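Below is one structure, written out as C-alpha cells, with a few remarks after it.
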There are 4 protein chains.
Amino acid sequence: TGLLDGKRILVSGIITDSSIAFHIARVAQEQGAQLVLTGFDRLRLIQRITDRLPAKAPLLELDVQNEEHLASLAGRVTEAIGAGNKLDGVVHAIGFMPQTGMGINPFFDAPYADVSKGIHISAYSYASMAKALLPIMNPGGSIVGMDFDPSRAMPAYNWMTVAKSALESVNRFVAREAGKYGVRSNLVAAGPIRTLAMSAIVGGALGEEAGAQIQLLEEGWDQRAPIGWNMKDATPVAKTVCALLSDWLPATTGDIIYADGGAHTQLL
Amino acid sequence: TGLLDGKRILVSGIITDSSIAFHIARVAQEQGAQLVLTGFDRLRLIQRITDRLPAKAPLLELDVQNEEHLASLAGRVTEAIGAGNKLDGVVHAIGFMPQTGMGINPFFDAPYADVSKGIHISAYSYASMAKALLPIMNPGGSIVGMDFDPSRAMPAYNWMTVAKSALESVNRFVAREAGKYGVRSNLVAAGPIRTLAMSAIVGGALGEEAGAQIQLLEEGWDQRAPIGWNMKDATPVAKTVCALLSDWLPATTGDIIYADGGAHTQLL
Amino acid sequence: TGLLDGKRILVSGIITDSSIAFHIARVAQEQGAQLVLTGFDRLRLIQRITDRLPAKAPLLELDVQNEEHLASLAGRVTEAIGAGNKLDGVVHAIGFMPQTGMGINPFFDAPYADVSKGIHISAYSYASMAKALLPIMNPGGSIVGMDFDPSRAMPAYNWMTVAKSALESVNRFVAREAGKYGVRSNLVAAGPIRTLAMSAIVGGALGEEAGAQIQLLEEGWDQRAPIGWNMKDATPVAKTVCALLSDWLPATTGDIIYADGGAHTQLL
Amino acid sequence: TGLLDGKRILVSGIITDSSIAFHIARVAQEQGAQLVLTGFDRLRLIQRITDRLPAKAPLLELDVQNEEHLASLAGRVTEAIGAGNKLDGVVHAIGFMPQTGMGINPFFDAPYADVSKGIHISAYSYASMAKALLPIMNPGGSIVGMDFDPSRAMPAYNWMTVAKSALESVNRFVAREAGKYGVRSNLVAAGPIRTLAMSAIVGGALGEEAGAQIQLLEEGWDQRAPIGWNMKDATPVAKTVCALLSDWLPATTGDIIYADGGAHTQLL
Ligand SMILES: NC(=O)c1c[n+]([C@@H]2O[C@H](COP(=O)([O-])OP(=O)(O)OC[C@H]3O[C@@H](n4cnc5c(N)ncnc54)[C@H](O)[C@@H]3O)[C@@H](O)[C@H]2O)ccc1C(=O)c1ccncc1
Ligand SMILES: NC(=O)c1c[n+]([C@@H]2O[C@H](COP(=O)([O-])OP(=O)(O)OC[C@H]3O[C@@H](n4cnc5c(N)ncnc54)[C@H](O)[C@@H]3O)[C@@H](O)[C@H]2O)ccc1C(=O)c1ccncc1
Ligand SMILES: NC(=O)c1c[n+]([C@@H]2O[C@H](COP(=O)([O-])OP(=O)(O)OC[C@H]3O[C@@H](n4cnc5c(N)ncnc54)[C@H](O)[C@@H]3O)[C@@H](O)[C@H]2O)ccc1C(=O)c1ccncc1
Ligand SMILES: NC(=O)c1c[n+]([C@@H]2O[C@H](COP(=O)([O-])OP(=O)(O)OC[C@H]3O[C@@H](n4cnc5c(N)ncnc54)[C@H](O)[C@@H]3O)[C@@H](O)[C@H]2O)ccc1C(=O)c1ccncc1
C-alpha cells in the first residue's frame, strides 16, 4: 500500500478522539495496517470513539496495572487476529500521573504511592506490554511508545517527566529483549499536543500556575522548533510512530525519535 | 582547612566500611566537615562501622521509605547539630533494587512491586531527603546523590538502571526546589565500585551470567577510562562528592558529575 | 508508489558501488524518487558506477570545497530537473579526513591544514550544500547528511569524529535555515559499513593498530546492537535516509536518526 | 593552602581584566597556584592587565595558530618554572570566531576560511596546547578548556557553537592522550559572561538582532538556572576551573563540567 500494508498492529491508549493513539491508529489504518486496539477502563466509550476510525478494529480491554489483563493479552490478541497470526507492531500510548505528581502541587508533595502509580502506568507498562506481546510478534516487528523529552526538568510535568526518564530507560532495556525476537523498540518524543487532558491543564484544571507554565512551554516549543510546532495537530506524531512501525527505520532500536518540530535541538 | 572546613554535612548510606558513603564521610571528615550520618536498619552495625571514621558523627535512623523518619528528620538533625545550626551538605548514597529487578532474573520478570520498591529507595528518596532537609540547609548548600550513568542500557543492572534514570530526572527537579534555598543538587555518576553487594554479585549471588556481565562491565570500564578505573577504590568518588559539597562547583546544579575515569566519554 | 514517489532528490557522495550513497540512491529509486547525483572528482568512474542504479539519474560535478561548483549548483540541478521544478530531498553523504587525522598517526600529529580540509568536506559542506540547495527546495523538503555518533571518543576515527561532532552541530544550524523553507535537516548516524575505504582501513591501509581498532569497534557494535549490526549491509542505512527523505518523519529536524542497530543505546 | 597549593598552572586567554582567564588566574593564585600565563598578540597590554593579579606570573607569548610558538612552548614554560619542574595544570581559555561566523551575518555566509580560523583557535588549539604541554605535565595533572554547551543550536553564536561542538569532541580525544600522562582533560561549559567582546555584541557590535538574541539568551539563562546566573560574574566559572585543576575531581576526564547555574539541566 500503504506504509504499513498488511502489518498487524496493536494500538493502546485511545481514550478520546484527540488521543495521540487515535491519530496513530487512523494514520496506521490509512497506511494499510490492521489494528487491534486496547483501551483501558471505559471500553464502551472507546468503542464508540474508535468507530470513527477508517476501519474496524477489535478493541480489547487492557488495564496495564492489571496482571490478569496482561497475562491474557496475547491470547486475546491472537484470538482477535486469528490463530496463525502474529503482531508486527505494538503502540504504547499510555500515560498517567496522579495530579499530586503534576500540579502547582509541589514536586515534593507527591506521595510515592502516586508517583509509583504514574510510573507503573507510564514506564513500567512499556516493559509489561512488551513482555505480553513479544511472544506474539513477528521478526521485523516494532514496538513504539510515546515519550516526551525528560532530559531537562521543566515546570508542571514534574513526576510525569521522571516517569518519562524511567520510560526511556525502560525502552532501552525492552530493546534488548525485543531484539531476540527481531523486534525493534523505540520511543517517539512528541512535542506538546492539545489532548483533552492537556487542554484541561492549560485551562487551569491543575491550578493557574501549572496552566500558565505549559502555555509557556507550548509557545516556546513552536518558537524553538525550526519547522514550528502545532500542538493542535497530532498527525506529525502519528506519522512518526507509523514510520517506526514501518520497515523504514530497520536499524533503529532502544531509541527515541523526536517528533517535536526539532525543538529539542534548539536552545532558543 | 579543609575543602569542607566547618560545613555541616549529613551523609546517608553507610552500611559497611566499603560503602561509597563510608568513604565520602571519611573524606569529608578529613576535609573539615562535621557530619551527621543516617543509616537505615542496622544502626548498631552502622554505629560500629562509623566508629572507624576520623571523627565522631551522630548517627540518626533514616529508612527512606518511612514517612515518619522523614517527617522527624531535620528536627532530629537540628537536635544533633544544635538549634542555631543548619546543614550545608546532604549526601544521598542510598540505593536498592530487589534482586528480581537485578538478576539473570529476566528484566521482564521483575514485578512492579519490586521495581517500585527500588525506585522508592533509589530515586524518589532523593526528593524525600531533599524535601526533609532543604528547610534546614544554608544558602550555598549542596545536596549530592550517588548515581551511575543510565544513558544506555547495560547487562545485569536492569531495573536499577531505570531507577538511576528516574534519579537523574528527580535530581533536576530537586535542583529547582533546592535553588529557592540557594542550595545546589547534583549527582555523582561513579564507575563500578567493589562494594560488598557488588562483590557478592560478581561472585555469583545473582546468578553466574549476572556476575560474568558486571565483571565484563568492570573490565571494559577501566579499559575505556582514559585515566583508568579502579573498582576497589571509592576514594576518587568520595572526593568528587566532596568537590560538589564544597564551594568549588558553585554554578553547577541539577547536574551529574562523572567520577568514572572518563569511561562514559569514550566508546572504546 | 513508493515511499518517495515523485520526489526529486539530489544524492551526493557516490564514489563506488559500496558507497552508502549508492545504496541510498538505489533505495530512493526503488522508492519512486527521481534523482540527481553529484559526484566529486572522478565523474567518468561515478557515471559508470551509477549506470547500475535502477534508473537514470543526471550526474553533476560537485567538489564541495569548490566555491564555483557550489555557486553553479542549483542552476545546474534545475537544468537537470527542469526549470519549473524544485528538489524535495538532498542527501549529503560526503566525508573525508586526510589520513594524518585518522591513522595510528597520533591524534596530535594531524596538522590543522589536514583537519581543516576534513572539516571543510565532512562538516562545513553540509551547510554549503544546504546554502546552494535550499533556494531550489520545496516546502516539505528534507536534507539528510550521513553521520556517525561522535558523542564519545573512539580509536582510529580521530579527527573524523571531531568532524562529525562539528557536522551534527552544523546540522542543527542548517535546520534553522532549512525551516524557513519548510525543509527539514537531519543526520543519519550509521554504524560502521564496510565501504571500500573502511575495508582498506581494517585491512591495514592506515596501520595495523588502526585496523585492529575498527575491527574491534565493528564487533562490539554488532554485540551491543540489540538487533545486531551487519557492516556489510548499507541497506538499513539507505532505508533510514529514505525514511527521513519521506513525509513520514515530518516533525523531526536538526536531528540525528541512529541507523546503528541501537548500538548507541547500549553500553554493553 | 589553598585548593591549588603548590600546583604550577599555565593559564592562557587573558586579554582584558574581564577575561574569564583573568578570573581563573586570580582565583588560582588566591588558591596557591603558581602561574605561567600565555597571552596572544598584545603582550604589553596583557602584562599590564596581569600585573593586577594577586601574584607575579611570567607571561609567555602563545599564538595558538603559530606552529613555532607551540614548538617552543614548553621549553619556554620550563624556563619560566625552572628546569626541574613540570606543570600540574593547563588552562585553555582561548576562543575566536571571525565575525562572519557570528553575526546577524547569516550562518551560511561565513566563508570556510573564517570558520576554519575559528575552529583552529577555538577547538584545534585545545589539542595543540595539550600536545605542547603534556610532555611537561606531572601525573595527576589537569588540562581544562573553556566551553559553552553547543548541544543545541542557538541564535548568534553560529559557527562559534560548531567550534565548541568540535572542542568538546577534541577534549574527549585529548583525554585519551592526557591519560597516558596521568593527566585529566575536561572542559568547563560556562553560561554567558559579560566579557568585553560579549558586552560589545549585546551592545550591537555584530548587528542589532545578534545583540537582541544574546540578551535574550542571557535572560533565559538566569531564568532557567535553578540557582540563577549572573553574567557579570566570572568567579563561579573561575572556581569551577580551579575545582578541575585541583585533585578534587580525580576521576573525571574527557568531560564537561557545567558552570552555568544548572541552566542546561532545565528546559524552562
Ligand atoms: N502533550 C501530550 O499530549 C503528550 C503526550 N505524550 C504521550 O502520548 C501518550 C498518549 O497520551 P495522550 O494522547 O496525550 O493522552 P490520552 O489521555 O489521550 O492517552 C493516555 C492514555 O493512557 C491510558 N491509560 C491510563 N491509565 C491506563 C492504564 N492503567 N492502563 C491502560 N491504559 C491506561 C488512557 O486510557 C489514555 O488512553 C502518553 O504516553 C503521553 O504521555 C507524550 C508527550 C506529550 C507531550 O506531553 C509533551 C511534550 C513536551 N513536554 C511535555 C509533554
Ligand atoms: N558500583 C557501585 O557500588 C555503585 C554505587 N552507586 C551508588 O552509590 C550509592 C551507595 O551505594 P553503595 O556504596 O554501592 O552500596 P551500599 O550497599 O554500601 O549502600 C547502599 C545504601 O543504601 C541504603 N539503603 C537501602 N535501603 C534503604 C532505605 N530504605 N532507607 C535508607 N537507606 C537505605 C543501605 O543501608 C546502604 O547503606 C547508591 O546510590 C549506589 O547505587 C552508584 C554507582 C555505582 C556503580 O553501580 C556503577 C557504575 C556503573 N554502572 C553500574 C554501577
Ligand atoms: N562506516 C562508514 O562507512 C560510515 C560512513 N558514514 C558516512 O557516510 C557518508 C558516505 O561515506 P561512505 O559511503 O562510507 O564513503 P565513500 O568513500 O563511499 O563516500 C564518501 C564520499 O565523499 C565524497 N567526497 C570526498 N571529498 C569530496 C569533496 N571535496 N566534494 C564532494 N564529495 C567529496 C567522495 O567522492 C565519496 O563519494 C560519509 O559522511 C561517511 O562519513 C558515517 C558513518 C559511518 C560509519 O563510519 C561509522 C560508524 C561508527 N563509528 C565510526 C564510523
Ligand atoms: N560568555 C562568554 O564569555 C563565554 C566564554 N567562554 C569561553 O571562555 C574562553 C575565554 O573567553 P572569554 O573570556 O569570554 O573572552 P576573551 O576575549 O577574554 O578571551 C578569549 C581569549 O582567546 C585568545 N585568543 C584569540 N585568538 C588567539 C590565538 N590565535 N592564540 C592564542 N590566544 C588567542 C584572546 O587573546 C583572548 O585572550 C573562550 O573559550 C570562550 O569561548 C565559554 C562560554 C562562554 C559563554 O560564551 C556562553 C554561554 C552560553 N552560550 C554561549 C556562550
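Here chain B follows Swiss-Prot, giving residues 2-269 in order.
Header entry for method reads X-ray crystallography, 2.2 Å.
In case you wondered, yes, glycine gets a Cβ from its N, Cα and C as well.
Sequence annotations record features per position, and here Swiss-Prot assigns NAD(+) binding site to B:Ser20, B:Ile21, B:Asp64, B:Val65, B:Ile95, B:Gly96, B:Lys165, B:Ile194. For B:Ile21 (NAD(+) binding site), the same-chain residues lying six or more positions away in sequence with a CB closer than 8 A to its CB are B:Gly14, B:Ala94, B:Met147, B:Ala191, B:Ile194, B:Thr196, B:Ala235, B:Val238, B:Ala239.
Listed in sequence order, B:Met103, B:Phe149 are the same-chain residues six or more apart from B:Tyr158 (substrate binding site) with CB atoms under 8 A from its CB. B:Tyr158 (substrate binding site) carries neither a helix nor a strand DSSP state and counts as coil. Under the heading substrate binding site, Swiss-Prot lists B:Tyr158, citing similarity to another entry as support.
Every protein chain considered, the tally of other Cβ atoms within 10 Å of the Cβ of B:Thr266 (phosphothreonine) stands at 27. According to Swiss-Prot, the feature phosphothreonine maps to B:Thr266.
Swiss-Prot lists B:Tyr158 with the feature site 'Transition state stabilizer', giving similarity to another entry as the kind of evidence.
If you measure from the Cα atom of B:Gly96 (NAD(+) binding site) to that of B:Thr266 (phosphothreonine), you get 24 Å. The Cβ neighbour count for B:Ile95 (NAD(+) binding site), using a 10 Å radius and every protein chain shown, is 24.
Within 10 Å of its Cβ, the residue among the binding-site residues B:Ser20, B:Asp64, B:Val65, B:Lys165 with the fewest other Cβ atoms is B:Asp64. The number of other CB atoms found within 10 A of the CB of B:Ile194 (NAD(+) binding site), across every protein chain shown, is 25. In sequence order, the recorded positions near chain C (CB to CB under 8 A) are B:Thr266, out of B:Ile21, B:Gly96, B:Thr266.
By the rule that a residue counts when its Cβ sits under 6 Å from some atom of ligand 2, the recorded positions B:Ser20, B:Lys165, B:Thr266 yield B:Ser20.
Cα of B:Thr266 (phosphothreonine) to Cα of B:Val65 (NAD(+) binding site): a distance of 33 Å. Under 8 angstroms separates the C-beta of B:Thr266 from a C-beta of chain D, among the recorded positions B:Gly96, B:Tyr158, B:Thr266. When every Cα pair among B:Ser20, B:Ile21, B:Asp64, B:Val65, B:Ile95, B:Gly96, B:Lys165, B:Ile194 is compared, the largest distance found for this NAD(+) site is 23 Å. B:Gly96 (NAD(+) binding site) has a Cβ environment of 22 other Cβ atoms inside 10 Å.
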